[PDB]
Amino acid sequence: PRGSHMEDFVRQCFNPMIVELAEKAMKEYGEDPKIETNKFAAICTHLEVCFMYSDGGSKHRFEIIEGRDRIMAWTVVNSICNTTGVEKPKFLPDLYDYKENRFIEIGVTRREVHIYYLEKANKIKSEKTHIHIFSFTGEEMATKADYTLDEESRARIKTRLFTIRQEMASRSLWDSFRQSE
C-alpha cells in the first residue's frame, strides 16, 4: 500500500521521532505500519504516553526501557536488576522508577481500564512490576492505587489521549481503531 488515511493521520498527529521508533519496533516484530495502521497508531500512542510519563517527576527519576531494541532494552534491564537487586521480570517492561525502585508496565486501552489491567496482571504474574493503565476516556488505574506521578502529569496524559480520540473520530478512523483492540 502506497498510503492509507490512518497512516497519514499518524504522521501528522505524532512527533517524527516517535513515529520512527514505532516503525522500528513494528518492523523488528515483523509488522508493517503501512498495512497494520491501527497497530501503528497504537504503538505511537503507547510510546508518547511512556515519554510523557518519564517526563513527569524528577529529571532522571525514570529509566526508559520502551523505544529501544529488545537487545538494548534487556541489557538495561539486566543492569538495573544487577545494581538494585530487583527480580528480573519475565516480560520486558516500559520504565524503571529509581525513586520507588520498581519496573512500570504502561497500558493504553480503548476498553475498560479494569479489563486491560486484569489482562496485564495475569500476564506478568510477578507482582513486583507496577502496572499503570490509561484509557482514551480519561480513566486510569494503577497497582495498589499508587499512581506514581502527580495528578497534573496524569491529567496532561489523559487530555492528550482524548485529543487523539477526537482527531481520529473527525476523520472517521476512531470506530475501526476502537474495534481493532
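Position 1 is the first residue in the sequence shown; the rest follow in order. So that the term is clear: the rigid core is the largest set of C-alpha atoms that superpose within 1.5 Å between two forms.
Exercise for review: Quick one: core-superposed, which stretch strays further from the shown model in 7 other deposited structures of this protein, 133 to 141 or 24 to 32? Go by RMS C-alpha distance.
Suggested key: The stretch that sits farther from the shown form in 7 other deposited structures of this protein is 24 to 32.
Review point. Higher mean Cα B-factor in the deposited model: 131 to 139 or 46 to 54?
Key: The stretch with the larger mean CA B-factor is 131 to 139.
**Study point:** Of 107 to 115 and 92 to 100, the one with larger mean CA B-factor
**Key:** Mean C-alpha B-factor is greater for 107 to 115.
Exercise for review: Among the candidates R70, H60, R154, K39, give the one with the maximum CA B-factor reported in the record.
Suggested key: The C-alpha B-factor peaks, among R70, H60, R154, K39, at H60.
**Study point:** From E31, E66, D146, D150, residue of greatest CA B-factor
**Key:** The listed residue with the largest C-alpha B-factor is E31.
Check your understanding: For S170, does the deposited CA B-factor place it in the lowest, middle or highest third of the chain?
Key -> As the PDB entry reports it, the C-alpha B-factor of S170 lands in the middle third of its chain.
Check your understanding: Sorting the chain's CA B-factors, does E181 end up in the lowest, middle or highest third?
Key -> Top third by C-alpha B-factor.
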